[PDB]
Participant: 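Sending over a structure as structure tokens; questions will come in a sec.
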Amino acid sequence: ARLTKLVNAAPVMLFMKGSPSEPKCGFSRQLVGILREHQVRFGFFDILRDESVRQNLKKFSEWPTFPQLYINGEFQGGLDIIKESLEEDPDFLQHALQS
């Protein structure tokens with residue numbers, strides 16, 4: 001419930017290390033970069049803030065690492081999967097927001 005409300009805090013929600021302006025990992029920084037470059041406006045949460053949320057989100061999404069991107073409450077991938085998704089569909093981020 002805690003996690004559902006968090007992953008749905010914004011239509012696009014990025015779970016990352018650090019914040020978008022002060023990232024604390026290279027993959028966090030690159031995935032921020034990709035969202036900005038597509039003019040995507042997004043919420044975020046710094047999973048460094050709380051081990052419980054950090055570990056439980058991995059259980060939640062069934063994905064072992066961060067960052068983790070959610071769109072409309074659905075898990076979309078980490079960096080490498082978002083990049084592959086964009087290779088397939090340059091308009092991936094658009095398409096994933098559609099209802």
Side-chain angles (χ1 to χ4, degrees):
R2 188 181 177 181
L3 290 179
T4 298
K5 288 187 291 189
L6 251 194
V7 306
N8 283 289
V12 182
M13 193 61 195
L14 180 59
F15 295 89
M16 58 187 295
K17 294 172 185 192
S19 70
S21 60
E22 298 189 30
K24 293 283 173 206
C25 77
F27 277 36
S28 291
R29 177 188 312 270
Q30 192 48 280
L31 190 48
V32 170
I34 294 172
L35 301 171
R36 292 170 169 169
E37 180 179 312
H38 289 87
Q39 314 306 137
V40 163
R41 187 150 301 147
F42 63 96
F44 80 97
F45 180 74
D46 181 5
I47 54 98
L48 304 178
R49 290 175 65 173
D50 191 289
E51 287 308 305
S52 190
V53 171
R54 183 171 178 174
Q55 298 310 323
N56 291 336
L57 210 35
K58 291 173 184 173
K59 178 185 182 171
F60 198 73
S61 79
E62 267 201 308
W63 196 268
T65 52
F66 291 91
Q68 285 184 13
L69 184 64
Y70 277 80
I71 298 173
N72 288 332
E74 210 146 340
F75 175 74
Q76 308 293 326
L79 180 55
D80 290 311
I81 293 304
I82 298 314
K83 292 191 77 104
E84 169 57 31
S85 294
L86 282 160
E87 200 56 41
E88 301 169 14
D89 182 4
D91 291 309
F92 173 74
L93 296 162
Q94 172 191 2
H95 291 143
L97 278 155
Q98 297 176 343
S99 81

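Both backbone and side-chain heavy atoms feed into the values below; hydrogens, waters and symmetry mates do not. Numbering starts at 1 and runs along the sequence shown.
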Participant: Look up atom OG in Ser61 and atom CG in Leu69, then write down how far apart they are to the nearest 0.5 Å.
Facilitator: 11.5 Å
Participant: Test: salt bridge (charged side-chain N to carboxylate O under 4.0 Å, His left out). Region: residues 33-50. Which pairs qualify, not counting sequence neighbours?
Facilitator: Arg2-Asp50
Participant: Under the side chain to side chain contact (heavy atoms under 4.5 Å, CB included) rule, collect the residues that match up with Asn8, sequence neighbours excluded.
Facilitator: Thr4
Participant: Can you list every salt bridge (charged side-chain N to carboxylate O under 4.0 Å, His left out) pair that touches residues 7-30, not counting sequence neighbours?
Facilitator: none
Participant: List in chain and number order the residues that pass side-chain hydrogen bond (donor to acceptor under 3.5 Å, both in side chains) with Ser85, two or more places apart in sequence or in another chain; answer none if no residue qualifies.
Facilitator: none
Participant: Could you work out, with ring-ring contact (aromatic ring centres under 6.0 Å, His included) as the rule, every residue matching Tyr70, not counting sequence neighbours?
Facilitator: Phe15, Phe75
Participant: Are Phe42 and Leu31 co-members of a hydrophobic cluster defined by side-chain heavy atoms under 4.5 Å apart?
Facilitator: yes
Participant: My understanding is that only residues two or more places apart in sequence, or in another chain, count here; which of them pass side-chain hydrogen bond (donor to acceptor under 3.5 Å, both in side chains) with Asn56?
Facilitator: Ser52
Participant: Return the set of residues passing side chain to side chain contact (heavy atoms under 4.5 Å, CB included) with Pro90 (not counting sequence neighbours), or none when no residue passes.
Facilitator: none
Participant: Identify, with sequence neighbours excluded, every residue that meets side chain to side chain contact (heavy atoms under 4.5 Å, CB included) alongside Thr65.
Facilitator: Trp63
Participant: Show every ring-ring contact (aromatic ring centres under 6.0 Å, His included) that has at least one partner inside residues 76-99, sequence neighbours left out.
Facilitator: none
Participant: Nearest heavy-atom pair of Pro20 and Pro23: which atoms, and what distance?
Facilitator: O-CD, 3.7 Å
Participant: So, for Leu14 and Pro67, which heavy atoms are closest and what is the spacing to 0.1 Å?
Facilitator: CD1-CB, 4.0 Å
Participant: Among pairs that include at least one residue of residues 75-93, which meet salt bridge (charged side-chain N to carboxylate O under 4.0 Å, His left out), considering only residues two or more places apart or in two chains?
Facilitator: none
Participant: For residues 54-74, which residue pairs pass the salt bridge (charged side-chain N to carboxylate O under 4.0 Å, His left out) check, not counting sequence neighbours?
Facilitator: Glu51-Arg54
